[PDB]
Amino acid sequence: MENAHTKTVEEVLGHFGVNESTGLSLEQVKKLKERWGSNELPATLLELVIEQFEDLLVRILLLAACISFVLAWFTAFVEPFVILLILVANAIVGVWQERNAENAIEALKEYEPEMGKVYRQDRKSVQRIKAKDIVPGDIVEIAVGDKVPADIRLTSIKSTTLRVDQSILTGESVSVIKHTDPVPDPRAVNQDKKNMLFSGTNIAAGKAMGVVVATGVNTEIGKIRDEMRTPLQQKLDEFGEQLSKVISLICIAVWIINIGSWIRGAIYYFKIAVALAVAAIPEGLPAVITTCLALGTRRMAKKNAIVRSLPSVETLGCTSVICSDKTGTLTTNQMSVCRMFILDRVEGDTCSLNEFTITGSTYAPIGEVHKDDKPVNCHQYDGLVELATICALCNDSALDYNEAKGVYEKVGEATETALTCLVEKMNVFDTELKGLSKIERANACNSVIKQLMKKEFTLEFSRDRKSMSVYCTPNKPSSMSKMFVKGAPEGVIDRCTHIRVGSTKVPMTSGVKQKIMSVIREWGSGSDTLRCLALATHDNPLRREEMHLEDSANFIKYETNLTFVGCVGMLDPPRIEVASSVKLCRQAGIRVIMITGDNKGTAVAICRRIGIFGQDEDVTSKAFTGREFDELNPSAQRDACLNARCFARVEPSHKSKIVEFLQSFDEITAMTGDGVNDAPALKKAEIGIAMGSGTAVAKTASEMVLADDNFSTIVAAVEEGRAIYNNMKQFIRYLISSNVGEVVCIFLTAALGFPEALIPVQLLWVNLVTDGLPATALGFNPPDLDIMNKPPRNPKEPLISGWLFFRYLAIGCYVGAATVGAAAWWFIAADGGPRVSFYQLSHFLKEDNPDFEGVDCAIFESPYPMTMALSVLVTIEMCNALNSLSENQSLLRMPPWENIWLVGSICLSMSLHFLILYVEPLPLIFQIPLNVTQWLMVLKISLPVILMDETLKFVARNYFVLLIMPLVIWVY
Ligand SMILES: Nc1ncnc2c1ncn2[C@@H]1O[C@H](COP(=O)(O)OP(=O)(O)CP(=O)(O)O)[C@@H](O)[C@H]1O
Ligand SMILES: [Ca+2]
Ligand SMILES: [Ca+2]
Ligand SMILES: [Mg+2]
């Protein structure tokens, strides 16, 4: 079947020989799966390796590896080789971490098979099957929120209008409108295919059914499968540019003051200002950020949270407002009518009711109606036969038994599905239900109703009108059509001009209208926090011939002069872990707002339950309806958002505008939503969160999907986001505060006229050792002990602080007055070696010199005090690295064994530094045999940078040993 849209409806129905209302036979599926395979897709090798070197810091440090190798034919290659080993080492961590997380996100999406609603011949009702079991033939049904599972030709549209979001397939950011007439153009583009749906795209409004015409690869989305920065990064890429600007400054600022063949020898000092450049250049800044960001995506994918955009975690470390949809998201969406009432009698102003309770918290259609905790037969209550009529004929939902889980599931919206379940429990027509199975009883009594009443068309739901009409005619006429409605109570009773009392109608009164809203206030504020709907019927509707449904704004006009019948009260439990989250957030410095279209009375009562409010807290300033907000003065309407914690009876435009107002206050907002109404607010907010059980359009439009439906996962992402930015700051403090020393070790050396500090092969070794995997592995750092007890980060404030700058000199100056303080100790105050005086040492730049009496000028050509400064900078920078586990938490509170990966790193970079000083062929390649008398001093010197930085920690903070102390006692 090619170009179905050329062909008409019955044509494509003939091609598969299916009845539209029956669907595909059982072996017809067997054959067709043997002719088109499943409905799935079978999902570079070294490209990840090459992507690491695409960053500025390793693009330029790829040059220094070839510049010092330019001079190879002129040790010579040991300089460029050591620049590789720090670039190669960091580049391997990232590709490792990246492939770790990749499998994870692909492990979680695979957990949940995408179901899809078909019409095979076994069950007389719609049923949910795995997407891959769909074949080109069976009738398929979809509705608002559903992703399309296969390529479908439309056959019938139940709602007035159908709206598909084809963005993922075509890119058009608008919802198109479909039809069922044939498009003749046989080469028409996907966008001009207005009678077809395609996998992966979602339904924005309406509900319809068609027949599959392609699967797997043959679908438009499959046909093109093989042919297809972050807010913290721009903060670091404005940094990576600036340091190199100062690096190459200071570096060539070294190269000049030294030169003063006398010019061919000026190319030595070039490899210095080049190697010293690589030394104070963070080769691993772009690797350590791709590391941590990949890690979190793996951390979250572990907790049943698919992260769809990588900066989601980063921004969540700063969120100060987390708005959330009530129904579905903050509630389990496990609905069942447990209270209902109709009118008993009405005499004058006063009136009485006939209330009822109904058992059964599950969607399962088992339960009984009580009057006063006593069961009753509903046929005796004439008003109940009608409430039951409305509740099954205004339903776009249906019950579907899941024989795998042995439990009942919903087909459509939970709210509607609770009603289908209720009309089963009533059985107002007293049909004999004894001989029917767990599947026949999912939609049993509705069928009797739907068999007595011909539903000719429905006027679908509209969240601004907040009600849903249905047109019907009895099957034996003579012409007596009627109209049934169900909608928001406040709204429906507004349009109700009459009330039915049993089987008779009477005009609406003030007092009657009162009682209703009190029951509903009783119901929504009670221990159950009921979610209530009104149910009324129009007795003299306008003929279908004289109706105008092209403009849906007419719908509310036709739903007028109604007869009120009754109200239902369904229960909705809050999610279990939710009351903890709002406790955890108010401590992390985060506000939690509720945005809902339901009753303010009920929405507040939930907020009282879960801890947004408390039963006694006055809420007059923190809860406003949609109307109570737009009907305010702009100043009070301003500081409302500042303090309001609940917004109810609210359309998606509001939630989109609510988040907007938060953001206009420089607030970083998160949005937690389940359904279509949350779609604008999800995109609008900085980050949107969708529920796994929710809709696809809610999931697609949002940027992180809790497939768990766990609500405490949100907090964990905020800890990840706060932990990633915090790992940077220490990593920042390490390389930055440690290289002020490598510059002063050189610049102090020049100012005092001292002997040579280092050599360009030594300059790039100590870069490798301290700035290789040791520095890099700082990203696995343990989250701080009090990370979620402090307000969130404000992104517009700068990265580095003036107290932190001061802490970089206080360790940069020290590691420099320690790198050169050890080489001067071997010339002035050492036992085995020269006793050169300070004056004699600074003017060393002759046998004739009487100031240099009794000294072989050859002692300045000795590698001894060079590895006294080389192994001091390695040891002291491993020490400073051990300071860099936390900004202020000392090593008494955060011991170094908590970070396993900086430990296993420092031990590897000392195993590679100790292997260089005592092996056979290396002390000559590196110009360098140090033992106990000298290694104790390098310990005596490199260790105080532990305490010196510790005393910085102790002062900013106020505004183990069995192992530690024997090591120090040897030293002193
Ligand atoms: N299929 C449906 N038919 C008739 N009325 C419906 C309906 N679905 C919802 N309503 C009514 O619309 C009103 C508001 O609906 P809306 O879609 O804006 O939010 P909501 O009630 O579904 C709760 P939440 O916003 O937390 O998901 C509800 O009070 C309900 O009475
Ligand atoms: Ca470096
Ligand atoms: Ca360094
Ligand atoms: Mg919802």
# chains A, B, ... in the order shown; residues from 1 in each chain; ligands from 1
$ residues_around --residues "stretch 843-847 of chain A" --least-positions-apart "6" --cutoff "8 Å" --atoms "only C-alpha atoms" --output "list in words"
residues 753, 754, 755, 853 and 857 of chain A
$ residues_near_ligand --ligand "ligand 4" --cutoff "12 Å" --atoms "only C-alpha atoms and all ligand atoms" --output "ChimeraX atom specification"
/A:145,324-334,413-415,463,572,594-598,650-652,672-679,690-691,693-695,698
$ residues_around --residues "stretch 949-959 of chain A" --least-positions-apart "2" --cutoff "8 Å" --atoms "only C-alpha atoms" --output "PDB file with N, CA, C and O atoms, in the first residue's frame"
ATOM      1  N   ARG A 807      43.228  33.782  48.628  1.00  0.00           N
ATOM      2  CA  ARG A 807      43.660  32.442  48.990  1.00  0.00           C
ATOM      3  C   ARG A 807      44.519  31.799  47.909  1.00  0.00           C
ATOM      4  O   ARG A 807      45.140  30.760  48.167  1.00  0.00           O
ATOM      5  N   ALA A 810      48.094  33.396  48.762  1.00  0.00           N
ATOM      6  CA  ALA A 810      48.573  32.813  50.009  1.00  0.00           C
ATOM      7  C   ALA A 810      49.009  31.359  49.862  1.00  0.00           C
ATOM      8  O   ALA A 810      49.562  30.802  50.814  1.00  0.00           O
ATOM      9  N   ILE A 811      48.775  30.730  48.711  1.00  0.00           N
ATOM     10  CA  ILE A 811      49.257  29.375  48.469  1.00  0.00           C
ATOM     11  C   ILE A 811      50.154  29.389  47.243  1.00  0.00           C
ATOM     12  O   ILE A 811      51.084  28.586  47.131  1.00  0.00           O
ATOM     13  N   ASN A 880      48.643  20.670  48.236  1.00  0.00           N
ATOM     14  CA  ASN A 880      47.602  21.652  47.945  1.00  0.00           C
ATOM     15  C   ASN A 880      46.380  20.984  47.323  1.00  0.00           C
ATOM     16  O   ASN A 880      45.239  21.347  47.635  1.00  0.00           O
ATOM     17  N   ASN A 883      44.324  19.766  49.924  1.00  0.00           N
ATOM     18  CA  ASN A 883      43.495  20.825  50.482  1.00  0.00           C
ATOM     19  C   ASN A 883      42.219  21.019  49.669  1.00  0.00           C
ATOM     20  O   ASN A 883      41.182  21.399  50.227  1.00  0.00           O
ATOM     21  N   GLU A 887      35.989  23.803  49.955  1.00  0.00           N
ATOM     22  CA  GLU A 887      36.417  25.191  50.082  1.00  0.00           C
ATOM     23  C   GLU A 887      36.788  25.529  51.523  1.00  0.00           C
ATOM     24  O   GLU A 887      37.879  26.048  51.789  1.00  0.00           O
ATOM     25  N   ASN A 888      35.897  25.234  52.472  1.00  0.00           N
ATOM     26  CA  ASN A 888      36.110  25.626  53.857  1.00  0.00           C
ATOM     27  C   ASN A 888      36.160  24.471  54.844  1.00  0.00           C
ATOM     28  O   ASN A 888      36.721  24.645  55.930  1.00  0.00           O
ATOM     29  N   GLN A 889      35.602  23.309  54.508  1.00  0.00           N
ATOM     30  CA  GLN A 889      35.620  22.158  55.408  1.00  0.00           C
ATOM     31  C   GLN A 889      37.039  21.616  55.516  1.00  0.00           C
ATOM     32  O   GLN A 889      37.583  21.075  54.547  1.00  0.00           O
ATOM     33  N   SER A 890      37.634  21.740  56.702  1.00  0.00           N
ATOM     34  CA  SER A 890      39.029  21.371  56.902  1.00  0.00           C
ATOM     35  C   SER A 890      39.271  19.886  56.643  1.00  0.00           C
ATOM     36  O   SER A 890      38.347  19.149  56.278  1.00  0.00           O
ATOM     37  N   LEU A 891      40.518  19.443  56.804  1.00  0.00           N
ATOM     38  CA  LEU A 891      40.843  18.025  56.718  1.00  0.00           C
ATOM     39  C   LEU A 891      40.561  17.291  58.020  1.00  0.00           C
ATOM     40  O   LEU A 891      40.634  16.057  58.050  1.00  0.00           O
ATOM     41  N   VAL A 945      51.771  23.673  53.669  1.00  0.00           N
ATOM     42  CA  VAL A 945      50.712  24.180  52.803  1.00  0.00           C
ATOM     43  C   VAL A 945      49.397  23.476  53.104  1.00  0.00           C
ATOM     44  O   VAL A 945      48.323  23.976  52.753  1.00  0.00           O
ATOM     45  N   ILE A 946      49.459  22.313  53.754  1.00  0.00           N
ATOM     46  CA  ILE A 946      48.265  21.723  54.344  1.00  0.00           C
ATOM     47  C   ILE A 946      47.700  22.651  55.415  1.00  0.00           C
ATOM     48  O   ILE A 946      46.538  23.074  55.348  1.00  0.00           O
ATOM     49  N   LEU A 947      48.530  23.012  56.404  1.00  0.00           N
ATOM     50  CA  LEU A 947      48.054  23.829  57.522  1.00  0.00           C
ATOM     51  C   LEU A 947      47.792  25.269  57.099  1.00  0.00           C
ATOM     52  O   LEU A 947      46.790  25.866  57.512  1.00  0.00           O
TER      53      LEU A 947
END
$ residues_around --residues "stretch 201-215 of chain A" --least-positions-apart "6" --cutoff "9 Å" --atoms "only C-alpha atoms" --output "compact mmCIF listing (two decimals) with N, CA, C and O atoms, in the first residue's frame"
# COMPACT_ATOMS: atom_id res chain seq x y z
N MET A 1 0.83 -1.20 0.00
CA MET A 1 0.00 0.00 0.00
C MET A 1 0.87 1.26 0.00
O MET A 1 1.45 1.63 1.02
N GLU A 2 0.94 1.91 -1.16
CA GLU A 2 1.77 3.08 -1.37
C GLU A 2 0.90 4.29 -1.64
O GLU A 2 -0.10 4.20 -2.37
N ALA A 4 -1.17 6.16 0.44
CA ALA A 4 -2.53 5.92 0.90
C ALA A 4 -3.38 7.17 0.80
O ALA A 4 -4.59 7.09 0.57
N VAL A 12 -8.47 2.33 1.61
CA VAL A 12 -7.43 1.79 2.48
C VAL A 12 -8.01 0.74 3.43
O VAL A 12 -7.29 -0.17 3.87
N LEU A 13 -9.30 0.84 3.74
CA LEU A 13 -9.95 -0.19 4.54
C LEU A 13 -10.11 -1.49 3.75
O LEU A 13 -10.00 -2.58 4.32
N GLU A 20 -14.04 -1.10 10.07
CA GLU A 20 -13.55 0.02 10.86
C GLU A 20 -13.86 -0.17 12.34
O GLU A 20 -13.01 0.11 13.20
N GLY A 23 -11.83 -4.24 13.52
CA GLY A 23 -10.39 -4.23 13.53
C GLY A 23 -9.78 -5.53 13.04
O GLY A 23 -10.46 -6.43 12.55
N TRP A 36 6.11 -7.54 7.39
CA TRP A 36 6.69 -6.22 7.62
C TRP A 36 7.53 -6.13 8.90
O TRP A 36 7.88 -5.01 9.30
N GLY A 37 7.84 -7.24 9.55
CA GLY A 37 8.65 -7.15 10.77
C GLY A 37 7.98 -6.35 11.89
O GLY A 37 6.82 -5.94 11.82
N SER A 38 8.77 -6.13 12.94
CA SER A 38 8.29 -5.41 14.11
C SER A 38 8.06 -3.93 13.80
O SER A 38 8.22 -3.46 12.67
N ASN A 39 7.69 -3.19 14.84
CA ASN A 39 7.51 -1.75 14.74
C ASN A 39 8.57 -1.10 15.62
O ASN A 39 8.24 -0.46 16.63
N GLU A 40 9.84 -1.31 15.29
CA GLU A 40 10.93 -0.73 16.07
C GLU A 40 12.06 -0.34 15.12
O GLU A 40 11.91 -0.34 13.89
N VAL A 118 -5.24 -0.18 20.23
CA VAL A 118 -5.67 -0.81 18.98
C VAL A 118 -7.12 -1.27 19.09
O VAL A 118 -7.81 -0.99 20.07
N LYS A 132 5.71 -2.20 19.34
CA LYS A 132 6.36 -3.04 18.34
C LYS A 132 5.45 -4.16 17.85
O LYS A 132 5.71 -4.72 16.77
N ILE A 134 2.48 -3.55 16.92
CA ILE A 134 1.60 -2.92 15.95
C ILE A 134 2.00 -3.38 14.55
O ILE A 134 3.20 -3.51 14.24
N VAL A 135 1.01 -3.62 13.70
CA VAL A 135 1.30 -4.03 12.33
C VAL A 135 0.53 -3.13 11.38
O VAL A 135 -0.46 -2.49 11.77
N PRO A 136 0.97 -3.04 10.11
CA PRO A 136 0.19 -2.29 9.12
C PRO A 136 -1.16 -2.92 8.82
O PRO A 136 -1.26 -3.75 7.91
N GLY A 137 -2.18 -2.54 9.57
CA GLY A 137 -3.51 -3.03 9.30
C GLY A 137 -4.54 -2.72 10.36
O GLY A 137 -5.64 -2.25 10.05
N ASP A 138 -4.20 -2.97 11.62
CA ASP A 138 -5.20 -2.80 12.66
C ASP A 138 -5.56 -1.33 12.83
O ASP A 138 -4.77 -0.43 12.56
N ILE A 139 -6.82 -1.12 13.21
CA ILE A 139 -7.30 0.20 13.59
C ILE A 139 -6.58 0.63 14.86
O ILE A 139 -6.44 -0.14 15.81
N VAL A 140 -6.11 1.87 14.86
CA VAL A 140 -5.38 2.47 15.97
C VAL A 140 -6.14 3.69 16.46
O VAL A 140 -6.74 4.42 15.67
N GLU A 141 -6.11 3.92 17.77
CA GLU A 141 -6.75 5.07 18.37
C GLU A 141 -5.72 5.86 19.19
O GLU A 141 -4.85 5.27 19.83
N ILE A 142 -5.84 7.19 19.13
CA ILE A 142 -4.96 8.11 19.84
C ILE A 142 -5.78 9.30 20.32
O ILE A 142 -6.90 9.54 19.86
N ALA A 143 -5.21 10.05 21.27
CA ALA A 143 -5.92 11.18 21.86
C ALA A 143 -4.91 12.19 22.40
O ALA A 143 -3.70 12.05 22.21
N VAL A 144 -5.43 13.20 23.11
CA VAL A 144 -4.61 14.32 23.57
C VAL A 144 -3.55 13.82 24.53
O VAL A 144 -3.86 13.28 25.60
N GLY A 145 -2.29 14.04 24.18
CA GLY A 145 -1.17 13.63 24.99
C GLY A 145 -0.43 12.43 24.47
O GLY A 145 0.75 12.24 24.81
N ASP A 146 -1.09 11.62 23.64
CA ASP A 146 -0.49 10.40 23.11
C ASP A 146 0.52 10.72 22.02
O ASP A 146 0.26 11.55 21.14
N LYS A 147 1.68 10.06 22.08
CA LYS A 147 2.54 9.96 20.92
C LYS A 147 1.93 8.99 19.92
O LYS A 147 1.30 8.00 20.31
N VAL A 148 2.06 9.30 18.64
CA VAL A 148 1.59 8.38 17.61
C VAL A 148 2.55 7.20 17.52
O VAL A 148 3.78 7.41 17.59
N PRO A 149 2.07 5.96 17.42
CA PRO A 149 2.98 4.81 17.50
C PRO A 149 3.39 4.27 16.13
O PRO A 149 4.38 3.54 16.02
N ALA A 150 2.63 4.63 15.10
CA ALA A 150 2.86 4.10 13.76
C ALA A 150 2.30 5.08 12.73
O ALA A 150 1.53 5.98 13.06
N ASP A 151 2.69 4.87 11.48
CA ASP A 151 2.18 5.69 10.38
C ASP A 151 0.75 5.27 10.06
O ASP A 151 0.50 4.13 9.65
N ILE A 152 -0.19 6.20 10.22
CA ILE A 152 -1.62 5.92 10.22
C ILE A 152 -2.31 6.79 9.18
O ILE A 152 -1.98 7.98 9.03
N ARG A 153 -3.27 6.21 8.47
CA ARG A 153 -4.18 6.98 7.64
C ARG A 153 -5.47 7.17 8.42
O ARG A 153 -6.07 6.19 8.87
N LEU A 154 -5.90 8.43 8.57
CA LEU A 154 -7.08 8.74 9.36
C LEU A 154 -8.34 8.21 8.69
O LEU A 154 -8.48 8.25 7.47
N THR A 155 -9.27 7.72 9.51
CA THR A 155 -10.51 7.12 9.03
C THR A 155 -11.73 7.79 9.66
O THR A 155 -12.79 7.86 9.03
N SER A 156 -11.58 8.28 10.89
CA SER A 156 -12.67 8.94 11.59
C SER A 156 -12.10 9.77 12.74
O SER A 156 -11.20 9.32 13.45
N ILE A 157 -12.66 10.97 12.93
CA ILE A 157 -12.23 11.89 13.98
C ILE A 157 -13.40 12.10 14.93
O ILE A 157 -14.46 12.61 14.52
N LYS A 158 -13.22 11.73 16.19
CA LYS A 158 -14.33 11.78 17.13
C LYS A 158 -14.60 13.20 17.60
O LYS A 158 -15.76 13.65 17.60
N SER A 159 -13.56 13.94 17.97
CA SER A 159 -13.72 15.31 18.42
C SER A 159 -14.03 16.23 17.24
O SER A 159 -13.99 15.84 16.07
N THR A 160 -14.36 17.49 17.56
CA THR A 160 -14.62 18.48 16.52
C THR A 160 -13.41 18.69 15.62
O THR A 160 -13.54 18.86 14.40
N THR A 161 -12.21 18.68 16.21
CA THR A 161 -11.01 19.15 15.55
C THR A 161 -9.83 18.36 16.08
O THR A 161 -9.80 17.97 17.26
N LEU A 162 -8.84 18.15 15.22
CA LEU A 162 -7.66 17.36 15.56
C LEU A 162 -6.42 18.20 15.36
O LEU A 162 -6.30 18.93 14.37
N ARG A 163 -5.48 18.10 16.30
CA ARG A 163 -4.31 18.98 16.32
C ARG A 163 -3.08 18.14 16.63
O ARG A 163 -2.95 17.62 17.73
N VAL A 164 -2.18 18.04 15.66
CA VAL A 164 -0.98 17.21 15.78
C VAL A 164 0.23 18.13 15.83
O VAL A 164 0.28 19.13 15.11
N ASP A 165 1.19 17.80 16.67
CA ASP A 165 2.45 18.52 16.75
C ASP A 165 3.51 17.72 16.01
O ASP A 165 4.05 16.75 16.55
N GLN A 166 3.80 18.11 14.77
CA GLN A 166 4.74 17.37 13.93
C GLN A 166 6.16 17.93 13.98
O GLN A 166 6.94 17.72 13.05
N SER A 167 6.51 18.61 15.08
CA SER A 167 7.78 19.32 15.14
C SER A 167 8.96 18.37 14.96
O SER A 167 9.85 18.63 14.14
N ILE A 168 8.98 17.26 15.70
CA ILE A 168 10.14 16.36 15.67
C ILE A 168 10.38 15.81 14.27
O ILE A 168 11.52 15.48 13.91
N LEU A 169 9.33 15.71 13.46
CA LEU A 169 9.43 15.19 12.11
C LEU A 169 9.53 16.28 11.05
O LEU A 169 10.29 16.12 10.09
N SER A 175 0.90 23.41 15.82
CA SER A 175 0.06 22.23 15.68
C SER A 175 -0.84 22.39 14.46
O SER A 175 -1.62 23.34 14.38
N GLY A 222 11.34 6.74 10.54
CA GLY A 222 12.33 5.70 10.38
C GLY A 222 13.09 5.89 9.09
O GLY A 222 14.30 5.65 9.03
N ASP A 396 -14.90 10.32 27.13
CA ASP A 396 -13.95 9.91 26.11
C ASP A 396 -12.99 8.85 26.61
O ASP A 396 -12.09 8.44 25.88
N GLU A 460 -15.68 18.68 22.43
CA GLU A 460 -14.59 18.22 23.29
C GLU A 460 -14.26 19.24 24.38
O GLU A 460 -14.81 20.33 24.45
N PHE A 461 -13.33 18.83 25.24
CA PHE A 461 -12.96 19.63 26.40
C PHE A 461 -12.24 20.91 25.97
O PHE A 461 -11.53 20.94 24.97
N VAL A 676 -1.10 18.29 29.15
CA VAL A 676 -0.99 19.31 28.11
C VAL A 676 -1.06 20.71 28.71
O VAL A 676 -0.35 21.62 28.27
N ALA A 696 2.94 12.31 26.60
CA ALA A 696 4.15 12.46 25.80
C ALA A 696 4.44 13.93 25.50
O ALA A 696 5.58 14.37 25.59
N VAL A 697 3.40 14.68 25.12
CA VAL A 697 3.54 16.11 24.88
C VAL A 697 4.04 16.83 26.13
O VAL A 697 4.78 17.82 26.03
N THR A 700 7.78 15.34 26.10
CA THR A 700 8.58 15.92 25.02
C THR A 700 8.96 17.36 25.34
O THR A 700 10.14 17.72 25.31
$ residues_near_ligand --ligand "ligand 3" --cutoff "9 Å" --atoms "only C-alpha atoms and all ligand atoms" --output "PyMOL selection string"
chain A and resi 279-282+734-742+766-771+775+873+877
$ closest_residue --among "A:45, A:9, A:257, A:743" --to "ligand 2" --atoms "only C-alpha atoms and all ligand atoms"
A:743
$ closest_atom_pairs --of "stretch 711-775 of chain A" --to "stretch 927-931 of chain A" --cutoff "12 Å" --atoms "only C-alpha atoms" --output "CSV"
residue,atom,partner,partner_atom,distance
A:758,CA,A:927,CA,9.7
A:759,CA,A:927,CA,8.5
A:760,CA,A:927,CA,10.8
A:761,CA,A:927,CA,8.8
A:762,CA,A:927,CA,8.2
A:763,CA,A:927,CA,11.8
A:765,CA,A:927,CA,11.8
$ write_last_selection --atoms "C-alpha atoms" --output "PDB file, in the first residue's frame"
ATOM      1  CA  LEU A 758      64.193  24.686  36.026  1.00  0.00           C
ATOM      2  CA  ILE A 759      64.699  23.424  32.468  1.00  0.00           C
ATOM      3  CA  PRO A 760      62.012  23.264  29.734  1.00  0.00           C
ATOM      4  CA  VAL A 761      61.902  19.455  30.043  1.00  0.00           C
ATOM      5  CA  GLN A 762      61.451  19.781  33.830  1.00  0.00           C
ATOM      6  CA  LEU A 763      58.886  22.552  33.335  1.00  0.00           C
ATOM      7  CA  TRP A 765      57.099  17.211  33.541  1.00  0.00           C
TER       8      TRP A 765
END
$ select_by_dssp --residues "stretch 453-609 of chain A" --states "alpha helix (DSSP H)" --output "JSON, numbers by chain"
{"A": [489, 490, 491, 492, 493, 494, 495, 510, 511, 512, 513, 514, 515, 516, 517, 518, 519, 520, 521, 522, 523, 524, 525, 555, 556, 557, 558, 578, 579, 580, 581, 582, 583, 584, 585, 586, 587, 588, 600, 601, 602, 603, 604, 605, 606, 607, 608, 609]}
$ closest_residue --among "A:601, A:84, A:459, A:806" --to "ligand 2" --atoms "only C-alpha atoms and all ligand atoms"
A:84
$ closest_residue --among "A:336, A:244, A:473, A:867" --to "residue A:757" --atoms "only C-alpha atoms"
A:867
$ atom_distance --atom1 "atom CA of residue A:368" --atom2 "atom CA of residue A:425"
5.8 Å
$ closest_residue --among "A:589, A:526, A:491, A:854" --to "ligand 1" --atoms "only C-alpha atoms and all ligand atoms"
A:491
$ closest_residue --among "A:274, A:822, A:632, A:567" --to "ligand 2" --atoms "only C-alpha atoms and all ligand atoms"
A:274
$ residues_around --residues "stretch 621-629 of chain A" --least-positions-apart "5" --cutoff "7 Å" --atoms "only C-alpha atoms" --output "list in words"
residues 600, 637, 643, 644, 645, 646, 647, 648, 649 and 650 of chain A
$ write_last_selection --atoms "N, CA and C atoms" --output "CSV table (one decimal), in the first residue's frame"
chain,number,residue,atom,x,y,z
A,600,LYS,N,-9.8,26.1,43.9
A,600,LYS,CA,-8.9,26.7,44.9
A,600,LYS,C,-9.1,26.0,46.2
A,637,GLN,N,-0.5,42.7,43.0
A,637,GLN,CA,-0.3,41.7,42.0
A,637,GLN,C,1.2,41.3,41.8
A,643,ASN,N,5.3,35.9,47.3
A,643,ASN,CA,4.9,35.2,48.5
A,643,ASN,C,3.9,34.1,48.3
A,644,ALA,N,3.0,34.2,47.2
A,644,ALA,CA,2.0,33.3,47.0
A,644,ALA,C,2.6,31.9,46.7
A,645,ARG,N,2.0,30.9,47.3
A,645,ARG,CA,2.4,29.5,47.1
A,645,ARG,C,1.3,28.6,46.5
A,646,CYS,N,0.2,29.1,46.0
A,646,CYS,CA,-0.8,28.3,45.4
A,646,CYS,C,-1.6,29.2,44.4
A,647,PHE,N,-1.7,28.7,43.2
A,647,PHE,CA,-2.5,29.4,42.1
A,647,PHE,C,-3.5,28.3,41.5
A,648,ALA,N,-4.8,28.6,41.6
A,648,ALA,CA,-5.8,27.6,41.2
A,648,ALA,C,-6.8,28.2,40.2
A,649,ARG,N,-7.6,27.3,39.6
A,649,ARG,CA,-8.4,27.6,38.5
A,649,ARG,C,-7.7,28.4,37.5
A,650,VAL,N,-6.8,27.8,36.8
A,650,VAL,CA,-5.7,28.4,36.1
A,650,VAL,C,-5.4,27.7,34.8
$ residues_around --residues "residue A:444" --least-positions-apart "6" --cutoff "12 Å" --atoms "only C-alpha atoms" --output "ChimeraX atom specification"
/A:124-125,365-366,392,398-400,420-438,450-451
$ decode --residues "stretch 827-847 of chain A" --atoms "C-alpha atoms" --output "PDB file, in the first residue's frame"
ATOM      1  CA  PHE A 827      73.520  26.213  48.767  1.00  0.00           C
ATOM      2  CA  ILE A 828      73.445  28.124  52.081  1.00  0.00           C
ATOM      3  CA  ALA A 829      72.398  25.897  54.995  1.00  0.00           C
ATOM      4  CA  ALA A 830      72.961  22.256  54.024  1.00  0.00           C
ATOM      5  CA  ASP A 831      75.249  19.683  55.626  1.00  0.00           C
ATOM      6  CA  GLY A 832      76.448  17.688  52.605  1.00  0.00           C
ATOM      7  CA  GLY A 833      77.203  20.244  49.920  1.00  0.00           C
ATOM      8  CA  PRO A 834      78.403  23.830  49.542  1.00  0.00           C
ATOM      9  CA  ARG A 835      78.108  26.422  52.299  1.00  0.00           C
ATOM     10  CA  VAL A 836      77.911  29.311  49.814  1.00  0.00           C
ATOM     11  CA  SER A 837      76.867  32.582  51.420  1.00  0.00           C
ATOM     12  CA  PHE A 838      73.837  34.611  50.357  1.00  0.00           C
ATOM     13  CA  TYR A 839      75.946  37.372  48.776  1.00  0.00           C
ATOM     14  CA  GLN A 840      78.224  34.800  47.121  1.00  0.00           C
ATOM     15  CA  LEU A 841      75.165  33.008  45.697  1.00  0.00           C
ATOM     16  CA  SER A 842      73.368  35.950  44.060  1.00  0.00           C
ATOM     17  CA  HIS A 843      76.428  37.265  42.166  1.00  0.00           C
ATOM     18  CA  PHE A 844      77.682  33.830  41.045  1.00  0.00           C
ATOM     19  CA  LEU A 845      77.243  35.026  37.432  1.00  0.00           C
ATOM     20  CA  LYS A 846      85.144  33.009  38.610  1.00  0.00           C
ATOM     21  CA  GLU A 847      88.506  31.537  39.665  1.00  0.00           C
TER      22      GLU A 847
END
